[PDB]
S.K.: 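Quick one: the structure is below, and I'll ask about it shortly.
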Amino acid sequence: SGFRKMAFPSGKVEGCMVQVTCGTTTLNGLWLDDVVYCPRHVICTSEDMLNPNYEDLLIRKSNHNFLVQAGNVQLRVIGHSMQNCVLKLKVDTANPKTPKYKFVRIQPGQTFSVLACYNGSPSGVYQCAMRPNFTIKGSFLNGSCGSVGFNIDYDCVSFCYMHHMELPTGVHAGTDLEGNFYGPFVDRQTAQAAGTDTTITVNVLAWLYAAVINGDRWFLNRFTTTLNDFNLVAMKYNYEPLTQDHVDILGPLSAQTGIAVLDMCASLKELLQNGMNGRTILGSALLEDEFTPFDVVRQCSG
Amino acid sequence: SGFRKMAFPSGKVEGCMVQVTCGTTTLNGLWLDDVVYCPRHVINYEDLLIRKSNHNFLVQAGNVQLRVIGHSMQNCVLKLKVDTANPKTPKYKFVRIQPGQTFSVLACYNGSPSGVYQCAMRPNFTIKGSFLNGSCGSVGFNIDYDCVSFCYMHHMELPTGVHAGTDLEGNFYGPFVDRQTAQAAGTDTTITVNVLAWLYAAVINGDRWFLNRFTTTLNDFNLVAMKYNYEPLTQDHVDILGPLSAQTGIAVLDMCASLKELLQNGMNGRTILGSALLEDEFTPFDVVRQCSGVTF
Ligand SMILES: O=C(Nc1cncc2cnccc12)[C@@H]1CCNc2cc(Cl)c(Cl)cc21
Ligand SMILES: [Cl-]
């Protein structure tokens, strides 16, 4: 019993954190085998930030310009290439602590752990979700660039995010490990604003199922709804449209608890209309949306 | 910017998780040097342990089987002496924490770490954890510079879903015993110092709606706090909140008056750090370490 926002054990990722320095800029890198991955904006200066030509800036760099630091040991850069918004620094030493890994691009609503780093040194780990607006509500300070997002399913580390920047609203933008940004964001100082955020409906429904598994049934009701009537109500509360795909994903939880997906939808509709009324669901006074249907099954069953 | 429930990097502790099996029971152990620590319920514990031999305990570190060469019991923890010293043993200490103090929990099933979360020792000596069968032996810890401070070992779940465990010396937290009997967690209280610390972290992140021009006496605040089932705020707590009071420019008894109003009046459809409730599982140190970027 119990429900907590849980992150994956960060051990496998800690062994990959290195410090990457170029000129005045110092950020983190992900050392996997003989390649160190880091945001391409490490090559950037003060004036080469609003409109940087990264191809032109990287052509002026040599391998000895990049000081890569793994613990106390200084790694020697032997090559450098750029893939979209990440810099791939080829090094002369392969990381012995390299785990089994994959580079995966996640979709909005997906959750992942974040190992926050400062100067190639891990300071904390937290669980967070890719928001529907493609930003992450992280906890980052200056120097956190190159911190990574991951899911350690079974024994493989699935890298899904590298932190690149903070938007003016305190939310964060970053890329998959191939340098492709999540959202309409670019690595330029230009005015960029996060789109209007929405609540991840499928995750809220999964979290209601985890509450039912933990014996919290106060919010359940005798009503059901059509998928279209639910979405017409959900859109008014700034909730993500629940697709038929989401309904199918919630299938196992619906079977385990004995409450149909559309029945749990009507429960949510009533929760949106009435609120909590001094009550909590899983110790929370708000409808939590950073637990996917897969997270709920993992933490409640195995 | 941003505030999250953050746990310490679990890497140093992951290297210490082993699977301990004895008869039908299978749980986790903490392998530090040549000793594996695990709950004694894996086996009248003095009488039950005298009937055991070293080969009864199957200790498993990854795929490698460790051979037990001795066994002793220290309070509610079994100390299984093994032939091999853990090469992944970090610099560590066994520390007993006080209620209100927070720590990370590396949840494990069959000596295999599955998740890490941050939680606090409740004033009632229970932890609101996330545990299933097989996690007995999962440890609680804090990182101090490069040293792992082990402060908890999970033993059981109470009928309310809350957990009961011991320090790494086998001394239970709270009035709990490791036996099949009626045990209930005491009435819980909110950790006042941690709520105040969390209000300071909200101020650091630009959330100031709850602030007011008012201050209070420590005696008047504690009168109100006692009425709302909050832990008494000592002068020690006021001193601990000192750096945050200086950083934000809001006196500790000024922030107390904001909490006083938030308790009698509520939030009124508003949130503080994305939360509609007053969060109490961030200590004043956690707020400082997170809002200052301390690394390990
Ligand atoms: O955002 C950035 N860094 C940070 C990361 N995460 C959180 C923070 C919090 N407060 C300060 C800084 C932070 C950096 C530097 C500042 N400006 C900037 C601009 C661009 Cl176009 C890009 Cl790609 C990166 C940055
Ligand atoms: Cl995904």
Side-chain angles (χ1 to χ4, degrees), chain A residues 1-15 17 97 113-128 136-144 152 155 166-172 214-215 275-276 278 280 283-288 290 295 298-302, chain B residues 1-15 17 88 104-109 112-119 127-135 143 157-163 201 205-206 266-267 269 271 273-278 286 289-296:
Chain A
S1 314
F3 215 69
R4 275 267 174 188
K5 209 164 286 157
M6 214 188 258
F8 284 101
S10 62
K12 284 156 167 68
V13 188
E14 283 168 62
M17 303 312 304
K97 289 182 193 161
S113 307
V114 174
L115 180 65
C117 287
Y118 297 94
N119 302 294
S121 195
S123 47
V125 61
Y126 61 89
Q127 186 76 356
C128 75
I136 81 162
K137 283 174 186 169
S139 183
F140 290 120
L141 305 178
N142 200 42
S144 52
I152 300 175
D155 65 324
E166 186 176 288
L167 296 175
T169 50
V171 300
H172 309 85
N214 278 91
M276 300 253 189
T280 69
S284 184
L286 287 180
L287 299 171
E288 288 294 308
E290 302 205 345
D295 288 340
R298 234 193 141 257
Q299 178 168 186
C300 302
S301 317
Chain B
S1 317
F3 215 66
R4 276 269 177 204
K5 210 163 284 156
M6 214 186 255
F8 283 102
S10 60
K12 285 157 164 64
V13 187
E14 283 168 62
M17 304 312 305
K88 289 179 189 160
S104 307
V105 175
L106 181 65
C108 317
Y109 297 93
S112 195
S114 46
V116 61
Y117 60 89
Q118 186 76 356
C119 74
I127 80 164
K128 285 172 186 171
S130 182
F131 290 119
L132 305 177
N133 193 34
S135 59
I143 304 177
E157 183 177 289
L158 298 173
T160 51
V162 301
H163 305 98
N205 281 288
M267 307 227 181
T271 64
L273 292 176
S275 185
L277 286 179
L278 300 169
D286 289 340
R289 193 178 313 134
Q290 180 172 167
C291 308
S292 102
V294 169
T295 69
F296 321 94

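Naming convention: chains lettered A, B, ... in sequence-line order (proteins, then strands); numbering from 1 in each chain.
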S.K.: Go through the atoms of A:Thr280 and report whether side chain, backbone, both or neither lie under 4.5 Å from a heavy atom of chain B.
M.R.: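 The side chain, not the backbone.
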S.K.: With a 4.5 angstrom heavy-atom cut-off, which part of A:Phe3 approaches chain B: side chain, backbone, both or neither?
M.R.: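 For A:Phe3, the contact with chain B is made by the backbone alone.
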S.K.: Quick one: of A:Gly275, A:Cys128, A:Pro122, A:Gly302, who has the most non-hydrogen atom pairs under 4.5 Å with chain B?
M.R.: A:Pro122
S.K.: In sequence, state the C-alpha distance, the side-chain angles, and the governing distance for B:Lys12 and A:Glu14, and then conclude on side-chain contact (heavy atoms from CB on, under 4.5 Å).
M.R.: CA-CA 10 Å; B:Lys12 285 157 164 64; A:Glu14 283 168 62; 5.6 Å; no
S.K.: Do A:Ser10 side-chain atoms and B:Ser10 backbone N/O form a donor-acceptor pair below 3.5 Å?
M.R.: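 Yes; judged by distance alone, with no hydrogens or angles, the pair exists.
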S.K.: Which heavy atom of B:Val116 sits nearest a heavy atom of A:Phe8, and at what distance?
M.R.: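 Here B:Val116 and A:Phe8 meet closest at CG1-O, 3.6 Å.
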S.K.: Working note: B:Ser114 + A:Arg298, criterion side-chain contact (heavy atoms from CB on, under 4.5 Å); need CA distance, chi angles, decisive distance, verdict.
M.R.: CA-CA 9 Å; B:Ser114 46; A:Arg298 234 193 141 257; 4.2 Å; yes
S.K.: For the atom pair CG (B:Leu277) and CE (A:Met276), what is the distance rounded to the nearest 0.5 Å?
M.R.: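 One finds 9.0 Å between CG of B:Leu277 and CE of A:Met276.
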S.K.: Restricting to non-hydrogen atoms, name the atom on A:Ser1 and the atom on B:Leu132 that form the minimum distance, rounded to 0.1 Å.
M.R.: N-CD2, 4.2 Å
S.K.: So which part of B:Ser292 gets closer than 4.5 Å to some heavy atom of chain A, the side chain, the backbone, both or neither?
M.R.: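 The backbone, not the side chain.
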S.K.: Do you know the tightest heavy-atom contact between B:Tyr117 and A:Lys5?
M.R.: CB-O, 3.7 Å
S.K.: Identify the heavy atoms of B:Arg4 and A:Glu290 that sit nearest to each other, and give their distance.
M.R.: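 Shortest heavy-atom contact: NH2-OE1, 2.8 Å.
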S.K.: Write down the atom of B:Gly2, the atom of A:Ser139, and the distance for their closest heavy-atom approach.
M.R.: O-OG, 3.1 Å
S.K.: Nearest 0.5 angstrom please: B:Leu273 CG to A:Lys137 NZ, how far?
M.R.: 11.5 Å
S.K.: Tell me, side chain or backbone of B:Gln290 under 4.5 Å from chain A's heavy atoms, or both, or neither?
M.R.: both
S.K.: Which heavy atom of A:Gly124 sits nearest to which heavy atom of B:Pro9, and what is that distance?
M.R.: N-CG, 4.0 Å
S.K.: With chain B as the partner, which of A:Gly283, A:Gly215, A:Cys117, A:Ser121 has the greatest number of non-hydrogen pairs under 4.5 Å?
M.R.: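 Most heavy-atom pairs under 4.5 Å with chain B: A:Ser121.
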S.K.: Which residue out of A:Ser144, A:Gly138, A:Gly15 racks up the most heavy-atom pairs below 4.5 Å with chain B?
M.R.: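 Option with the top pair count is A:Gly138.
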